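One-letter residues, chain by chain:
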Amino acid sequence: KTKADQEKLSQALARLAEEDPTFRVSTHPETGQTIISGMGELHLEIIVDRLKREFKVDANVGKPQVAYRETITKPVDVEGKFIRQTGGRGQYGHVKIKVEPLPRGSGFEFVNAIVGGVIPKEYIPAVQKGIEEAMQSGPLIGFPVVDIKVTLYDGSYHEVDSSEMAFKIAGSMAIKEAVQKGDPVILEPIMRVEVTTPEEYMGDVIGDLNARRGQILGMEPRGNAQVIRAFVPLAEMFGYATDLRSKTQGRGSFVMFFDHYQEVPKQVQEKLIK
Amino acid sequence: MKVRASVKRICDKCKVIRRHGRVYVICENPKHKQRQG
Amino acid sequence: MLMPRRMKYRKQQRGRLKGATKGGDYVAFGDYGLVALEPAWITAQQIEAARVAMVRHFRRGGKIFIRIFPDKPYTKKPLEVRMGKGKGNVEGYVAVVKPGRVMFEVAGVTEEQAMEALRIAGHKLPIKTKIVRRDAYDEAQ
Amino acid sequence: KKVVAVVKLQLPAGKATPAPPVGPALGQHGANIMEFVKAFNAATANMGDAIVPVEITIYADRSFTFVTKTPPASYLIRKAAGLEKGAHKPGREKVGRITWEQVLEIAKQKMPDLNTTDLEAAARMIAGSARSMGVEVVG
Amino acid sequence: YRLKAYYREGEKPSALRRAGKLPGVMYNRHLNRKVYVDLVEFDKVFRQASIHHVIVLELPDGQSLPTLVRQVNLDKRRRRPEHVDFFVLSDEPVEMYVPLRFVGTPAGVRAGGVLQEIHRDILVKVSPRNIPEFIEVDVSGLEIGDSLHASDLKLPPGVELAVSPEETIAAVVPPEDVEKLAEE
RNA sequence: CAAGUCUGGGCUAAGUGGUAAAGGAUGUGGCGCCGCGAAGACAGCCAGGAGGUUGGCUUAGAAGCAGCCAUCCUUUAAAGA
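Reading the values: rules and limits
- Residues numbered from 1 in each chain as written, not as in the entry; some residues may be left out.
- Chains lettered and ligands numbered in written order.
- Part of a larger assembly, values for the part shown.
- Heavy atoms only, no water.
- Residues with missing side-chain atoms left out of burial classes, pairs and counts.
- Helix = DSSP H or I, 4+ residues; strand = E, 2+ residues; numbered from the N terminus.
- Buried < 20%, exposed > 50% of the residue type's maximum accessible area, 1.4 Å probe, protein only.
- Polar contact = N/O pair within 3.5 Å; in protein donor to acceptor, adjacent residues only side chain to side chain.
- Contact = heavy atoms within 4.5 Å.
- Core = buried A, V, L, I, M, F, W, Y, C linked by side-chain atoms within 4.5 Å.
- Near = heavy atom within 4 Å.
- Nonpolar A, V, L, I, M, F, W, Y, C, P; charged D, E, K, R; others polar.
- Axes fitted to C-alpha atoms, helices over the stretch in contact; angles between N-to-C directions.
- Parallel < 35°, antiparallel > 145°, perpendicular 65-115°, else oblique.
- Left-handed = near helix turned anticlockwise from the far one by under 90°.

Structure determination for the deposited model, as stated in its record, used cryo-EM, and the stated resolution is 7.80 Å.

Pasting the structure below:
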């Protein structure tokens, strides 16, 4: 709740972590919210009483967010101009790049496609820190626009006006717009999960998993039981615990790993526009 | 598919009954259990 | 939608529907047809709403021929406004359909499909219809 | 002390590991899960591949037995035409083919399994499987 | 084919329809008598027979003339052949409509499209002696695109087309595909 | 409430009659065309109801039975890829 309680909580685990080392407290290393690591519904649940009573802390209980990612489909090329020529320290910066989408899990690649040197040597570093930079808040939700290759293939300058900074913006402009123009796509996180379950329950277990935006990948037995592997969206993967132990009365267990990112069903594109 | 104005055969197992001047249509699946009105 | 491209008159008089058809009462194109039993004014929308579901039902089907063509300006005064003051403005269009008229007909499809798409089409239409085959439609020049 | 069986598995050639469905059914068999990868692949060390159907029957003292049939008719026809896959859409797309003798050679390979005791009848059961996978008969 | 027909006095040509029989009239450059035939047997024959094959009509006067339905008028509101026109054929060559037989699967037949029977009945001529039939039209080498027309067809040992030629006999056109949008 | 609880034949079973629409229905009578029929038909019993072969392609897996196509063969008294 209000930043007041945000503190009572800090002590809450600073003593509750020692009084029960069967859990872990994690602050999402990117976005405030803190997770409560448990080992079963009840577990975390009864802490919500003590932590809320014997600590009087009173806060909210939703579910985590998902580390989405921005990119595009079609490759584009736009101008990067900046120039402000009025009467003295001119500010003259301009460049043109080549933007091209890359395999989900490609990364960050730029291209010093400048011939002789129409764009002076001193500024390139600056036109990258500009481009590099921009790629931070996506064009859609504001997320790490990634998996792209960038190609500086042109742009000019002015002998006196240009500025290390002037370029950082021009480049930060070509980037800030090639994405907008090459049709953005909201990538999201896919997980690898492996449910150990007696092929007794399995039947529905697989079901359940299918009705979970997920697609099956196999099932090579284990112990007396059977494993099922597949991918899934972290969003429709939450509190899977109390769902796996449902289809299995207890005899079920799973794991989960990240793997790649990948495009959302469009119907979920305009979903996220908030 | 209980009350309604257009009661029809939702699968061959369904049967057009008419007990008491009211047209009913029954099957093995309680879903198909209709009746006109 | 569909409609005239040009027109000598932006507005035109009602008139009244009588029997007959004047023409277009037979096949000439497809294999199977749909025809009107009751006279009325079908709006472009009605047509389209059907034509659509017509093709929708038979993904990958033949060719449908719209044998009807609206051209009659649909009037209607503004709302909450009294009588007088001239006529009304156009809202849409309609094609005056009378009994015995072939509304559409399809060509190149299984009987199963054709006898079914039309069954649906008829639901979009505000009037009852018949679904014809092609026997004695031979020579209708 | 588990009970008895007319197990009708469907195990391929070579891959002989106790892993299921050779475990749950053959754990009540007492099955020498390794006296197959040897008794089998000795007679199929010839082929190499293609599934080999098998009916492993257990009894009282915890002994087993198992009778194997021939490789799917669809198999020998896949190689006698440079194929791997059928033709996806039988009929229209011919991807290869078998002569009137190449047909009459395979029907030898599976003649003591079908039912007919000929080849003019056998061959036909081959020749029918030709359009089952889109592979005409050279005639 | 046959068909029982009778002479009409010419009284209440609508009394006959009600009556149950369908008012007619046959003729030719020489004689024309007003007639009428029963429906059932005219359905059951014209249902097939049509205007391609003759129909020999037998009247209570022994005559049994051979004729073609040169015209069939309707009842528009409910289609119900309300009056025929039997052309009494002769020996003299006269024009009629012979059926077309599209004998050969074109390319649209695995590709797609649909053959469009833009004119399955053509107007030729020939002495009633030679009563042709299906005039075979050649197809195969055709795929959803242009077409063929004119008089590219096997004209029998005496049949001698009376159309143009030039009239687009038939053509294949593109099928509908659900998922297709162009607006945008 | 004045004059047939008139006569012959037919329909209607809701009080319809005694006021409404699309659209639903083995309502109920009536005309029709067109099939199987005692070397055994309809309902009917006990029977068998199979082998190539888990058809091919696709899929996580498709084995008659998602879905593409394809529909030959077989031993028969007969059994559909």
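After that view, the rundown keeps rolling.
**Details of the side chain of C:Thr43**
Residues and elements named next belong to chain C. Looking at the element boundaries, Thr43 is found in strand β2 (residues 40–43). For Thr43, a relative accessible area of 14% puts it in the buried group. A distance of 2.8 Å separates polar atoms of two side chains, one belonging to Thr43 and the other to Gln46. Setting aside chain neighbours within four positions, we find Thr43 in contact with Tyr93 and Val94.

**Topic: helix α3 (residues 124–134) of chain A**
A:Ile124, A:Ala126, A:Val127, A:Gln128, A:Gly130, A:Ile131 and A:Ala134 are the residues of α3(A) that are buried. Packed against the buried residues of α3(A) are β4 (94–101), β5 (108–109), β6 (148–154) and α4 (164–181) of chain A.

**Remarks on the nonpolar core**
In terms of nonpolar packing, the biggest core is built from 23 residues, with A:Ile97 and A:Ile119 touching the most fellow members. Among the secondary structure elements, those contributing two or more residues to this core are β4, α3, β6 and α4 of chain A. Element by element, the count of residues in this core is highest for α4(A), at five residues. Here A:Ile97 is in contact with A:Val76, A:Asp77, A:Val78, A:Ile131, A:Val150, A:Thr151, A:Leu152, A:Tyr153 and A:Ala174, once residues within four sequence places are set aside. Listed in part, the 22 residues of the second largest apolar core include C:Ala36, C:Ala40, C:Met54 and C:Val106.

**Digging into the protein's contact with RNA strand F**
Around RNA strand F, a shell composed of 38 residues is seen, among which B:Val16, D:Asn115, D:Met125, D:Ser129 and D:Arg131 lie nearest. Here the atoms of RNA strand F within 4 Å of the protein split so that 72% fall in sugar or phosphate, with bases taking the remainder. Taking B:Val7, its main chain carries an N or O atom lying 2.8 Å from a sugar or linking oxygen of RNA strand F. One of the backbone nitrogen or oxygen atoms of D:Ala87 is found 3.5 Å away from a sugar or linking oxygen of RNA strand F. Sorting elements by how many residues they give to the surface near RNA strand F places helix α3 (residues 122–130) of chain D first, with four residues. Classifying every residue of the surface near RNA strand F by side-chain character gives 14 nonpolar, 12 polar and 12 charged.

**So, the packing of helix α1 (residues 5–16) of chain A against helix α2 (residues 41–53) of chain A**
All names here are of chain A. In contact at an axis separation of 10 Å, α1 and α2 are set at 120° when each is read in the N-to-C sense. In terms of axis orientation, α1 runs oblique to α2. Crossing handedness for the pair α1 and α2: right-handed. Judged by residue contacts, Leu9, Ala12 and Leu16 of α1 engage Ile47, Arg50 and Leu51 from α2.

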